[PDB]
Amino acid sequence: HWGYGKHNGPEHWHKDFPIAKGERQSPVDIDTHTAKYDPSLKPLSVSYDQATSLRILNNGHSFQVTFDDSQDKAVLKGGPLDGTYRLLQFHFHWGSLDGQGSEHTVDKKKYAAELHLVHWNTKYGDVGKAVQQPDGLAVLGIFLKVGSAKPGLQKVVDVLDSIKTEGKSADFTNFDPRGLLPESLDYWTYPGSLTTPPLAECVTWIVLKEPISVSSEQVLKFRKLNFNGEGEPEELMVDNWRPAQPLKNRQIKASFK
Ligand SMILES: C[C@]12CCc3c(ccc4cc(OS(N)(=O)=O)ccc34)[C@H]1CC[C@@H]2OS(N)(=O)=O
Ligand SMILES: [Zn+2]
């Protein structure tokens with residue numbers, strides 16, 4: 001199956017998932033000089049005070065923290081969105097070196113990692129239905145640069161030892177995702193897709209302008225995770241990012257001048 005290697009990586013995905021060559025694939029390069037300021041865009045509304053994290057999991061291509069989405073506890077609204085979107089999970093993409101790792105780029109600049117907070121539109125009732133809809137998901141994308149440590153990230157970093165290999169999971173309660181947000185909520189937005197298979201074109205992307213800083217010691221801990229399952233040959237989980245895709249007939253809008 002698919003992965004990020006030489007023989008099963010992103011350039012191969014179209015063979016099993018033909019939508020990989022589709023009209024609204026993600027990620028994309030954000031050209032800051034051709035993005036259009038849109039004054040009709042609302043501020044983002046992020047209501048994460050009641051979030052309930054459940055588990056942390058190595059799924060073989062990333063690690064993810066899952067949330068209880070059986071009620072409107074942690075929701076995203078406003079911005080370009082109509083309706084209420086519930087937080088399902090967050091995960092990261094990162095590189096083998098500090099100069100790469102993000103999926104989106106800004107004027108071709110790559111960041112060391114990218115945080116994705118995945119939300120789904122409650123009018124479709126469950127996330128499985130939402131992924132079949134052009135406005136089913138909203139993913140909030142946050143860039144990571146290497147510099148000062150991010151204290152709100154350390155609890156994630158400290159548990160990664162216990163989910164080193166594919167399929168391992170651990171309890172991960174009482175994590176507050178508000179500790180991961182930058183100071184500003186200025187954003188770009190464009191209609192896009194999931195960046196791993198099934199690559200469905202169901203995502204409103206909201207990409208924040210302001211990156212968060214994390215320390216070299218925090219990101220090095222990401223790079224010690226494993227693609228393989230326990231007892232298999234050891235392949236470090238690095239460079240789990242899809243390269244930028246053609247923008248085609250799409251405009252990127254900015255919430256800020
Ligand atoms: C498990 C699923 C398929 C994949 C998937 C899902 C959710 C969020 C995802 C985020 C991803 O990453 S990203 N960079 O934000 O786009 C990549 C894949 C994602 C669910 C949605 C229901 C599918 O399950 S299913 N087909 O109904 O059985
Ligand atoms: Zn992602």
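Numbers for residues simply follow the sequence, beginning at 1. Counting starts at 1 for both ligands and their atoms, in listed order.
Here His61 and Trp2 bring their ring centres to under 6.0 angstrom of each other. The ring of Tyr190 has its center closer than 6.0 angstrom to the ring center of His104. Residues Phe90 and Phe175 place their aromatic rings such that the two centres sit under 6.0 Å apart.
Distances from the Zn ion (ligand 2) to each N, O or S atom of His116 single out ND1 as the nearest.
The cationic atom of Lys209 (NZ for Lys, CZ for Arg) lies less than 6.0 Å from the six-membered ring centre of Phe256 and within 45° of the ring axis.
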Check ligand 1 against the protein and report each N/O to N/O distance under 3.5 Å, formatted as atom name, atom name, distance.
from, atom 1, to, atom 2, distance (Å)
ligand 1, 14 (N), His93, NE2, 3.4
ligand 1, 14 (N), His116, ND1, 3.1
ligand 1, 14 (N), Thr195, OG1, 2.6
ligand 1, 16 (O), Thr195, N, 2.9

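Between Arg86 and the options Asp72, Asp69, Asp68, a side-chain hydrogen bond (donor to acceptor under 3.5 Å, both in side chains) holds for only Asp72.
Expressed to the nearest 10°, the angle at the Zn ion (ligand 2) joining NE2 in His93 with NE2 in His91 is 110°.
In this pair, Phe222 and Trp94 present their aromatic rings tilted. The plane angle is within the 30 to 60° band.
We find that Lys129 and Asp126 are joined by a salt bridge, their nearest charged nitrogen and carboxylate oxygen being less than 4.0 Å apart.
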